[PDB]
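J.: Next comes the structure file model-v4.pdb, holding PDB, C-alpha atoms and all ligand atoms.
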ATOM      1  CA  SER A   7     116.642  96.874 108.079  1.00  0.00           C
ATOM      2  CA  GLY A   8     113.482  96.082 106.102  1.00  0.00           C
ATOM      3  CA  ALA A   9     110.428  97.540 104.378  1.00  0.00           C
ATOM      4  CA  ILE A  10     106.817  96.772 103.341  1.00  0.00           C
ATOM      5  CA  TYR A  11     106.002  97.224  99.647  1.00  0.00           C
ATOM      6  CA  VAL A  12     102.266  97.649  99.037  1.00  0.00           C
ATOM      7  CA  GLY A  13     100.816  99.219  95.883  1.00  0.00           C
ATOM      8  CA  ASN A  14     102.861 102.331  95.076  1.00  0.00           C
ATOM      9  CA  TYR A  15     104.055 102.719  98.701  1.00  0.00           C
ATOM     10  CA  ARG A  16     107.154 101.726 100.670  1.00  0.00           C
ATOM     11  CA  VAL A  17     106.746 101.570 104.508  1.00  0.00           C
ATOM     12  CA  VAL A  18     109.945 101.856 106.538  1.00  0.00           C
ATOM     13  CA  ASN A  19     111.031 102.717 110.123  1.00  0.00           C
ATOM     14  CA  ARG A  20     111.221 106.540 110.160  1.00  0.00           C
ATOM     15  CA  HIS A  21     114.693 106.382 111.801  1.00  0.00           C
ATOM     16  CA  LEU A  22     116.039 104.242 108.909  1.00  0.00           C
ATOM     17  CA  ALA A  23     114.418 106.277 106.045  1.00  0.00           C
ATOM     18  CA  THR A  24     116.910 107.150 103.253  1.00  0.00           C
ATOM     19  CA  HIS A  25     117.370 110.440 101.328  1.00  0.00           C
ATOM     20  CA  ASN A  26     115.229 108.933  98.555  1.00  0.00           C
ATOM     21  CA  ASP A  27     112.430 108.066 101.013  1.00  0.00           C
ATOM     22  CA  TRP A  28     112.332 111.705 102.233  1.00  0.00           C
ATOM     23  CA  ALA A  29     112.434 113.048  98.632  1.00  0.00           C
ATOM     24  CA  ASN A  30     109.316 110.924  97.778  1.00  0.00           C
ATOM     25  CA  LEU A  31     107.596 111.423 101.180  1.00  0.00           C
ATOM     26  CA  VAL A  32     103.861 110.566 101.451  1.00  0.00           C
ATOM     27  CA  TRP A  33     103.426 110.546 105.275  1.00  0.00           C
ATOM     28  CA  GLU A  34     105.555 110.279 108.408  1.00  0.00           C
ATOM     29  CA  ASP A  35     104.900 110.131 112.147  1.00  0.00           C
ATOM     30  CA  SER A  36     107.797 110.447 114.587  1.00  0.00           C
ATOM     31  CA  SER A  37     105.567 109.255 117.484  1.00  0.00           C
ATOM     32  CA  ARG A  38     104.989 105.942 115.584  1.00  0.00           C
ATOM     33  CA  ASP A  39     108.531 105.571 114.101  1.00  0.00           C
ATOM     34  CA  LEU A  40     106.949 105.217 110.615  1.00  0.00           C
ATOM     35  CA  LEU A  41     107.567 106.793 107.228  1.00  0.00           C
ATOM     36  CA  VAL A  42     105.845 105.989 103.926  1.00  0.00           C
ATOM     37  CA  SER A  43     107.324 106.965 100.561  1.00  0.00           C
ATOM     38  CA  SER A  44     106.046 106.572  96.984  1.00  0.00           C
ATOM     39  CA  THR A  45     107.448 104.009  94.496  1.00  0.00           C
ATOM     40  CA  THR A  46     107.249 103.687  90.679  1.00  0.00           C
ATOM     41  CA  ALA A  47     107.042  99.868  90.665  1.00  0.00           C
ATOM     42  CA  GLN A  48     103.942  98.216  92.169  1.00  0.00           C
ATOM     43  CA  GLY A  49     104.278  96.110  95.321  1.00  0.00           C
ATOM     44  CA  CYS A  50     101.953  93.261  96.179  1.00  0.00           C
ATOM     45  CA  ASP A  51     102.573  92.781  99.932  1.00  0.00           C
ATOM     46  CA  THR A  52      99.106  92.471 101.552  1.00  0.00           C
ATOM     47  CA  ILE A  53      98.280  94.430 104.739  1.00  0.00           C
ATOM     48  CA  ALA A  54      96.262  92.566 107.413  1.00  0.00           C
ATOM     49  CA  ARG A  55      92.921  94.206 108.419  1.00  0.00           C
ATOM     50  CA  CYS A  56      92.222  92.322 111.642  1.00  0.00           C
ATOM     51  CA  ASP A  57      92.695  92.193 115.435  1.00  0.00           C
ATOM     52  CA  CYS A  58      95.101  89.197 115.558  1.00  0.00           C
ATOM     53  CA  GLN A  59      97.381  89.130 118.654  1.00  0.00           C
ATOM     54  CA  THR A  60      99.534  86.174 117.396  1.00  0.00           C
ATOM     55  CA  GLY A  61     101.795  86.024 114.363  1.00  0.00           C
ATOM     56  CA  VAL A  62     105.340  85.361 113.169  1.00  0.00           C
ATOM     57  CA  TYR A  63     108.196  87.861 112.763  1.00  0.00           C
ATOM     58  CA  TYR A  64     111.535  87.787 110.988  1.00  0.00           C
ATOM     59  CA  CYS A  65     114.577  88.308 113.271  1.00  0.00           C
ATOM     60  CA  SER A  66     117.650  89.252 111.187  1.00  0.00           C
ATOM     61  CA  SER A  67     120.046  88.883 114.165  1.00  0.00           C
ATOM     62  CA  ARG A  68     119.127  85.153 114.283  1.00  0.00           C
ATOM     63  CA  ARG A  69     118.331  84.606 110.511  1.00  0.00           C
ATOM     64  CA  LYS A  70     115.082  83.022 111.797  1.00  0.00           C
ATOM     65  CA  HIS A  71     111.321  83.539 112.059  1.00  0.00           C
ATOM     66  CA  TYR A  72     109.728  83.302 115.515  1.00  0.00           C
ATOM     67  CA  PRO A  73     106.096  82.896 116.562  1.00  0.00           C
ATOM     68  CA  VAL A  74     104.827  85.559 119.024  1.00  0.00           C
ATOM     69  CA  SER A  75     101.891  86.631 121.147  1.00  0.00           C
ATOM     70  CA  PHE A  76     101.790  90.479 121.145  1.00  0.00           C
ATOM     71  CA  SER A  77      99.871  93.221 122.880  1.00  0.00           C
ATOM     72  CA  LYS A  78      97.255  95.451 121.162  1.00  0.00           C
ATOM     73  CA  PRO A  79      98.640  98.720 119.688  1.00  0.00           C
ATOM     74  CA  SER A  80      99.173 101.179 122.513  1.00  0.00           C
ATOM     75  CA  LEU A  81     101.155 104.157 123.846  1.00  0.00           C
ATOM     76  CA  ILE A  82     104.374 102.822 125.415  1.00  0.00           C
ATOM     77  CA  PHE A  83     107.295 104.641 127.016  1.00  0.00           C
ATOM     78  CA  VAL A  84     110.500 104.144 124.969  1.00  0.00           C
ATOM     79  CA  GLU A  85     113.851 105.176 126.482  1.00  0.00           C
ATOM     80  CA  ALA A  86     116.063 107.694 124.584  1.00  0.00           C
ATOM     81  CA  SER A  87     118.227 106.375 121.717  1.00  0.00           C
ATOM     82  CA  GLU A  88     120.576 108.134 119.254  1.00  0.00           C
ATOM     83  CA  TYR A  89     117.468 108.656 117.012  1.00  0.00           C
ATOM     84  CA  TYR A  90     114.858 109.958 119.479  1.00  0.00           C
ATOM     85  CA  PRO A  91     114.697 111.524 122.931  1.00  0.00           C
ATOM     86  CA  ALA A  92     112.784 109.557 125.641  1.00  0.00           C
ATOM     87  CA  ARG A  93     109.095 109.608 124.642  1.00  0.00           C
ATOM     88  CA  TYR A  94     105.835 107.673 124.357  1.00  0.00           C
ATOM     89  CA  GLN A  95     105.741 105.777 121.054  1.00  0.00           C
ATOM     90  CA  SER A  96     102.160 105.263 119.876  1.00  0.00           C
ATOM     91  CA  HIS A  97     100.576 102.295 117.995  1.00  0.00           C
ATOM     92  CA  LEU A  98     103.280  99.975 119.411  1.00  0.00           C
ATOM     93  CA  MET A  99     102.779  96.283 120.176  1.00  0.00           C
ATOM     94  CA  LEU A 100     105.102  94.346 122.520  1.00  0.00           C
ATOM     95  CA  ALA A 101     105.995  90.675 122.621  1.00  0.00           C
ATOM     96  CA  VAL A 102     108.535  88.394 124.291  1.00  0.00           C
ATOM     97  CA  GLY A 103     111.205  87.600 121.715  1.00  0.00           C
ATOM     98  CA  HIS A 104     114.730  88.384 120.689  1.00  0.00           C
ATOM     99  CA  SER A 105     115.560  91.714 119.082  1.00  0.00           C
ATOM    100  CA  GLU A 106     118.619  93.940 118.597  1.00  0.00           C
ATOM    101  CA  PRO A 107     118.603  97.482 117.048  1.00  0.00           C
ATOM    102  CA  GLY A 108     119.534  96.174 113.554  1.00  0.00           C
ATOM    103  CA  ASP A 109     116.407  93.968 113.616  1.00  0.00           C
ATOM    104  CA  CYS A 110     114.250  97.072 112.967  1.00  0.00           C
ATOM    105  CA  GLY A 111     112.293  96.621 109.749  1.00  0.00           C
ATOM    106  CA  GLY A 112     111.645  92.884 110.149  1.00  0.00           C
ATOM    107  CA  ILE A 113     108.060  92.067 109.235  1.00  0.00           C
ATOM    108  CA  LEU A 114     105.417  90.680 111.617  1.00  0.00           C
ATOM    109  CA  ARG A 115     102.689  88.700 109.754  1.00  0.00           C
ATOM    110  CA  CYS A 116      99.531  86.868 110.673  1.00  0.00           C
ATOM    111  CA  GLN A 117      97.331  84.652 108.422  1.00  0.00           C
ATOM    112  CA  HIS A 118      95.727  87.858 106.983  1.00  0.00           C
ATOM    113  CA  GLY A 119      98.919  89.605 105.890  1.00  0.00           C
ATOM    114  CA  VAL A 120     101.429  92.145 107.188  1.00  0.00           C
ATOM    115  CA  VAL A 121     100.692  93.414 110.700  1.00  0.00           C
ATOM    116  CA  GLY A 122     103.712  95.715 111.330  1.00  0.00           C
ATOM    117  CA  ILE A 123     107.500  96.066 111.507  1.00  0.00           C
ATOM    118  CA  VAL A 124     110.070  95.674 114.307  1.00  0.00           C
ATOM    119  CA  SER A 125     110.703  99.128 115.894  1.00  0.00           C
ATOM    120  CA  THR A 126     111.888  98.583 119.533  1.00  0.00           C
ATOM    121  CA  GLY A 127     113.261  95.869 121.833  1.00  0.00           C
ATOM    122  CA  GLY A 128     115.661  94.839 124.542  1.00  0.00           C
ATOM    123  CA  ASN A 129     115.876  92.418 127.474  1.00  0.00           C
ATOM    124  CA  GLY A 130     113.971  89.645 125.734  1.00  0.00           C
ATOM    125  CA  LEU A 131     111.240  91.959 124.385  1.00  0.00           C
ATOM    126  CA  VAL A 132     110.469  92.993 120.794  1.00  0.00           C
ATOM    127  CA  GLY A 133     108.173  95.898 119.837  1.00  0.00           C
ATOM    128  CA  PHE A 134     106.387  96.287 116.524  1.00  0.00           C
ATOM    129  CA  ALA A 135     104.982  99.429 114.914  1.00  0.00           C
ATOM    130  CA  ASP A 136     101.405  98.548 113.799  1.00  0.00           C
ATOM    131  CA  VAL A 137     100.336  99.363 110.206  1.00  0.00           C
ATOM    132  CA  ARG A 138      96.832  97.739 110.201  1.00  0.00           C
ATOM    133  CA  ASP A 139      95.010 101.012 110.905  1.00  0.00           C
ATOM    134  CA  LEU A 140      96.553 102.735 107.786  1.00  0.00           C
ATOM    135  CA  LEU A 141      93.666 101.912 105.463  1.00  0.00           C
ATOM    136  CA  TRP A 142      94.870 104.281 102.730  1.00  0.00           C
ATOM    137  CA  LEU A 143      97.887 101.980 102.039  1.00  0.00           C
ATOM    138  CA  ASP A 144      95.337  99.762 100.056  1.00  0.00           C
ATOM    139  CA  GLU A 145      94.165 102.534  97.711  1.00  0.00           C
TER
HETATM  140  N1  LIG A 201     113.387 122.875  99.585  1.00  0.00           N
HETATM  141  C1  LIG A 201     114.341 121.951  99.783  1.00  0.00           C
HETATM  142  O1  LIG A 201     115.464 122.244 100.205  1.00  0.00           O
HETATM  143  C2  LIG A 201     113.964 120.498  99.529  1.00  0.00           C
HETATM  144  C3  LIG A 201     112.845 120.358  98.483  1.00  0.00           C
HETATM  145  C4  LIG A 201     112.557 118.896  98.132  1.00  0.00           C
HETATM  146  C5  LIG A 201     113.764 117.992  98.008  1.00  0.00           C
HETATM  147  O2  LIG A 201     113.641 116.865  97.537  1.00  0.00           O
HETATM  148  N2  LIG A 201     114.960 118.470  98.453  1.00  0.00           N
HETATM  149  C6  LIG A 201     116.144 117.604  98.401  1.00  0.00           C
HETATM  150  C7  LIG A 201     116.208 116.626  99.554  1.00  0.00           C
HETATM  151  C8  LIG A 201     115.764 115.314  99.400  1.00  0.00           C
HETATM  152  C9  LIG A 201     115.761 114.420 100.461  1.00  0.00           C
HETATM  153  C10 LIG A 201     116.230 114.807 101.720  1.00  0.00           C
HETATM  154  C11 LIG A 201     116.386 114.181 103.006  1.00  0.00           C
HETATM  155  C12 LIG A 201     116.863 115.128 103.851  1.00  0.00           C
HETATM  156  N3  LIG A 201     117.031 116.314 103.181  1.00  0.00           N
HETATM  157  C13 LIG A 201     116.667 116.139 101.867  1.00  0.00           C
HETATM  158  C14 LIG A 201     116.671 117.037 100.802  1.00  0.00           C
HETATM  159  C15 LIG A 201     115.226 119.811  98.983  1.00  0.00           C
HETATM  160  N1  LIG A 202     111.467 103.088 117.898  1.00  0.00           N
HETATM  161  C1  LIG A 202     112.486 103.637 118.535  1.00  0.00           C
HETATM  162  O1  LIG A 202     112.373 104.641 119.248  1.00  0.00           O
HETATM  163  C2  LIG A 202     113.835 102.972 118.324  1.00  0.00           C
HETATM  164  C3  LIG A 202     114.748 103.874 117.491  1.00  0.00           C
HETATM  165  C4  LIG A 202     116.060 103.166 117.187  1.00  0.00           C
HETATM  166  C5  LIG A 202     116.686 102.449 118.354  1.00  0.00           C
HETATM  167  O2  LIG A 202     117.862 102.105 118.304  1.00  0.00           O
HETATM  168  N2  LIG A 202     115.910 102.222 119.451  1.00  0.00           N
HETATM  169  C6  LIG A 202     116.491 101.507 120.597  1.00  0.00           C
HETATM  170  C7  LIG A 202     116.433 100.007 120.451  1.00  0.00           C
HETATM  171  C8  LIG A 202     115.730  99.421 119.406  1.00  0.00           C
HETATM  172  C9  LIG A 202     115.623  98.045 119.288  1.00  0.00           C
HETATM  173  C10 LIG A 202     116.231  97.204 120.222  1.00  0.00           C
HETATM  174  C11 LIG A 202     116.328  95.790 120.422  1.00  0.00           C
HETATM  175  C12 LIG A 202     117.083  95.597 121.532  1.00  0.00           C
HETATM  176  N3  LIG A 202     117.479  96.804 122.046  1.00  0.00           N
HETATM  177  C13 LIG A 202     116.962  97.809 121.263  1.00  0.00           C
HETATM  178  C14 LIG A 202     117.066  99.191 121.384  1.00  0.00           C
HETATM  179  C15 LIG A 202     114.522 102.660 119.656  1.00  0.00           C
HETATM  180 ZN    ZN A 203      95.285  88.715 111.274  1.00  0.00          ZN
END
Transcribe the structure of this file into structure tokens.
Ligand SMILES: NC(=O)[C@H]1CCC(=O)N(Cc2ccc3cc[nH]c3c2)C1
Ligand SMILES: NC(=O)[C@H]1CCC(=O)N(Cc2ccc3cc[nH]c3c2)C1
Ligand SMILES: [Zn+2]
T.:
Amino acid sequence: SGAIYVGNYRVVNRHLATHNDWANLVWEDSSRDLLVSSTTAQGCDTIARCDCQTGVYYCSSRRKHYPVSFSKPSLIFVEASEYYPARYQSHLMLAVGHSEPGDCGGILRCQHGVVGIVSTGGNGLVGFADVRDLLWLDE
């Protein structure tokens, strides 16, 4: 679990969105595993606007933060799960690191701010849904 709170927006993994997220829906993209909902209270998380390929992510299944080198956002095949059939997930970045399904929502940050959230993993990999291209989150 986990979310990004920026301005009047809440960014979550689409597969973990709640009834309240869907009732206040702003945008969603199944191919990216992202959903953004509106909030009444202002958030002050900062989104990175950069091309960093290193950062640190929070891993809830270890209660620890880990440094990572990750790939640029790209279209990657993701095997079927109980939430999606087998498909290409877009805007996904991979890195070597520990992740389990419940780690989804952990934030990846660089020195500029929030880069994305954990969305995939397995066998010593961790995949993050990028949010740096969503410029409208800042307005
Ligand atoms: N026309 C309708 O039936 C909609 C209109 C807008 C609307 O908020 N709902 C209720 C609702 C809310 C969240 C969720 C998640 C899943 N289903 C939901 C249903 C019903
Ligand atoms: N973005 C997706 O399509 C997700 C949807 C929810 C989901 O359970 N998965 C499989 C998955 C996710 C993380 C991990 C870490 C280790 N094994 C994992 C297996 C894929
Ligand atoms: Zn950066």
J.: What do you get, as a count of residues only, if you spell out every residue that the PyMOL selection byres (((chain A and resi 20-34) around 8) and not hetatm) selects here?
T.: 13
J.: Taking (99.1, 83.3, 112.1) in the file's coordinates as the center, which residues reach within 7 Å of it, counting only C-alpha atoms, put as a ChimeraX atom specification?
T.: /A:60-62,115-117
J.: Within 7 Å of ligand ZN 203 (chain A), counting all atoms listed in the file: which residues, as a list in words?
T.: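 The distance check yields residues 54, 55, 56, 57, 58, 116, 117, 118 and 119 of chain A.
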J.: Counting only C-alpha atoms and all ligand atoms, what are the residues, protein, DNA or RNA alike, that approach ligand LIG 202 (chain A) to within 6 Å? I want them as a PDB file with C-alpha atoms, in the coordinates of the input.
T.:
ATOM      1  CA  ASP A  39     108.531 105.571 114.101  1.00  0.00           C
ATOM      2  CA  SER A  87     118.227 106.375 121.717  1.00  0.00           C
ATOM      3  CA  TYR A  89     117.468 108.656 117.012  1.00  0.00           C
ATOM      4  CA  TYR A  90     114.858 109.958 119.479  1.00  0.00           C
ATOM      5  CA  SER A 105     115.560  91.714 119.082  1.00  0.00           C
ATOM      6  CA  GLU A 106     118.619  93.940 118.597  1.00  0.00           C
ATOM      7  CA  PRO A 107     118.603  97.482 117.048  1.00  0.00           C
ATOM      8  CA  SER A 125     110.703  99.128 115.894  1.00  0.00           C
ATOM      9  CA  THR A 126     111.888  98.583 119.533  1.00  0.00           C
ATOM     10  CA  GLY A 127     113.261  95.869 121.833  1.00  0.00           C
ATOM     11  CA  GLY A 128     115.661  94.839 124.542  1.00  0.00           C
TER      12      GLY A 128
END
J.: Distance CA of residue 70 (chain A)-CA of residue 109 (chain A), one decimal place?
T.: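 Between CA of residue 70 (chain A) and CA of residue 109 (chain A) the gap works out to 11.2 Å.
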J.: Quick one: residues within 12 Å of residue 63 (chain A), all atoms listed in the file counted, chain neighbours fewer than 2 positions away excluded, as a PDB file with C-alpha atoms, keeping the file's coordinate frame?
T.:
ATOM      1  CA  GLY A   8     113.482  96.082 106.102  1.00  0.00           C
ATOM      2  CA  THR A  60      99.534  86.174 117.396  1.00  0.00           C
ATOM      3  CA  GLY A  61     101.795  86.024 114.363  1.00  0.00           C
ATOM      4  CA  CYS A  65     114.577  88.308 113.271  1.00  0.00           C
ATOM      5  CA  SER A  66     117.650  89.252 111.187  1.00  0.00           C
ATOM      6  CA  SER A  67     120.046  88.883 114.165  1.00  0.00           C
ATOM      7  CA  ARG A  68     119.127  85.153 114.283  1.00  0.00           C
ATOM      8  CA  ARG A  69     118.331  84.606 110.511  1.00  0.00           C
ATOM      9  CA  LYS A  70     115.082  83.022 111.797  1.00  0.00           C
ATOM     10  CA  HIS A  71     111.321  83.539 112.059  1.00  0.00           C
ATOM     11  CA  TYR A  72     109.728  83.302 115.515  1.00  0.00           C
ATOM     12  CA  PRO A  73     106.096  82.896 116.562  1.00  0.00           C
ATOM     13  CA  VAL A  74     104.827  85.559 119.024  1.00  0.00           C
ATOM     14  CA  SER A  75     101.891  86.631 121.147  1.00  0.00           C
ATOM     15  CA  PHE A  76     101.790  90.479 121.145  1.00  0.00           C
ATOM     16  CA  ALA A 101     105.995  90.675 122.621  1.00  0.00           C
ATOM     17  CA  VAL A 102     108.535  88.394 124.291  1.00  0.00           C
ATOM     18  CA  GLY A 103     111.205  87.600 121.715  1.00  0.00           C
ATOM     19  CA  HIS A 104     114.730  88.384 120.689  1.00  0.00           C
ATOM     20  CA  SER A 105     115.560  91.714 119.082  1.00  0.00           C
ATOM     21  CA  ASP A 109     116.407  93.968 113.616  1.00  0.00           C
ATOM     22  CA  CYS A 110     114.250  97.072 112.967  1.00  0.00           C
ATOM     23  CA  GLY A 111     112.293  96.621 109.749  1.00  0.00           C
ATOM     24  CA  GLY A 112     111.645  92.884 110.149  1.00  0.00           C
ATOM     25  CA  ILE A 113     108.060  92.067 109.235  1.00  0.00           C
ATOM     26  CA  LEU A 114     105.417  90.680 111.617  1.00  0.00           C
ATOM     27  CA  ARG A 115     102.689  88.700 109.754  1.00  0.00           C
ATOM     28  CA  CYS A 116      99.531  86.868 110.673  1.00  0.00           C
ATOM     29  CA  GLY A 119      98.919  89.605 105.890  1.00  0.00           C
ATOM     30  CA  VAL A 120     101.429  92.145 107.188  1.00  0.00           C
ATOM     31  CA  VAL A 121     100.692  93.414 110.700  1.00  0.00           C
ATOM     32  CA  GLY A 122     103.712  95.715 111.330  1.00  0.00           C
ATOM     33  CA  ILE A 123     107.500  96.066 111.507  1.00  0.00           C
ATOM     34  CA  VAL A 124     110.070  95.674 114.307  1.00  0.00           C
ATOM     35  CA  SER A 125     110.703  99.128 115.894  1.00  0.00           C
ATOM     36  CA  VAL A 132     110.469  92.993 120.794  1.00  0.00           C
ATOM     37  CA  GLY A 133     108.173  95.898 119.837  1.00  0.00           C
ATOM     38  CA  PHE A 134     106.387  96.287 116.524  1.00  0.00           C
TER      39      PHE A 134
END
J.: Grab the atom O1 of ligand LIG 201 (chain A) to CA of residue 49 (chain A) distance for me, in Å with one decimal place.
T.: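 These atoms are spaced 28.8 Å apart.
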J.: Output file request: region 18-74 of chain A, with C-alpha atoms, as a short mmCIF file (atom, residue, chain, number, x, y, z; two decimals), in the first residue's frame.
T.:
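The file below, out.cif, is the result:
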data_model
loop_
_atom_site.label_atom_id
_atom_site.label_comp_id
_atom_site.auth_asym_id
_atom_site.auth_seq_id
_atom_site.Cartn_x
_atom_site.Cartn_y
_atom_site.Cartn_z
CA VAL A 18 -2.39 5.39 -6.11
CA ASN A 19 -1.85 2.02 -7.89
CA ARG A 20 -5.02 1.54 -9.98
CA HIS A 21 -5.38 -2.05 -8.65
CA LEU A 22 -5.43 -0.78 -5.03
CA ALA A 23 -7.81 2.21 -5.62
CA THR A 24 -10.68 2.34 -3.06
CA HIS A 25 -14.41 3.10 -3.61
CA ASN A 26 -13.67 6.69 -2.55
CA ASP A 27 -10.85 7.00 -5.11
CA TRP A 28 -13.24 5.90 -7.92
CA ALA A 29 -16.00 8.25 -6.65
CA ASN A 30 -13.55 11.23 -6.89
CA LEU A 31 -11.80 10.01 -10.09
CA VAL A 32 -9.65 12.52 -12.04
CA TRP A 33 -7.74 10.14 -14.38
CA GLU A 34 -6.86 6.45 -14.63
CA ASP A 35 -4.81 4.29 -16.99
CA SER A 36 -4.99 0.51 -16.72
CA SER A 37 -1.90 0.14 -18.99
CA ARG A 38 0.15 2.16 -16.42
CA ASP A 39 -1.48 0.74 -13.23
CA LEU A 40 -2.22 4.34 -12.09
CA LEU A 41 -5.26 6.16 -10.76
CA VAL A 42 -5.49 9.77 -9.56
CA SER A 43 -8.34 11.01 -7.37
CA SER A 44 -9.19 14.46 -5.98
CA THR A 45 -8.72 15.44 -2.30
CA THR A 46 -10.12 18.30 -0.15
CA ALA A 47 -6.94 18.78 1.91
CA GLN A 48 -3.80 20.04 0.13
CA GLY A 49 -0.77 17.76 -0.19
CA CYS A 50 2.77 19.04 -0.46
CA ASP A 51 4.65 16.00 -1.85
CA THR A 52 6.87 17.33 -4.68
CA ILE A 53 7.01 15.50 -8.05
CA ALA A 54 10.47 15.20 -9.68
CA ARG A 55 10.77 16.71 -13.22
CA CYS A 56 14.02 15.09 -14.33
CA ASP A 57 15.68 12.10 -16.04
CA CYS A 58 17.33 10.57 -12.92
CA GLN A 59 17.98 6.78 -13.17
CA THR A 60 19.06 6.40 -9.48
CA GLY A 61 17.00 6.96 -6.35
CA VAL A 62 15.74 5.35 -3.14
CA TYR A 63 12.49 3.42 -2.60
CA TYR A 64 10.56 2.32 0.46
CA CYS A 65 10.09 -1.48 0.79
CA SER A 66 7.28 -2.26 3.27
CA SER A 67 8.08 -6.01 3.33
CA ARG A 68 11.51 -5.13 4.83
CA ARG A 69 10.53 -1.87 6.71
CA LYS A 70 13.56 -0.35 4.92
CA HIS A 71 14.59 2.07 2.17
CA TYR A 72 16.92 0.78 -0.56
CA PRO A 73 19.02 2.64 -3.13
CA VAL A 74 18.42 1.58 -6.77
#
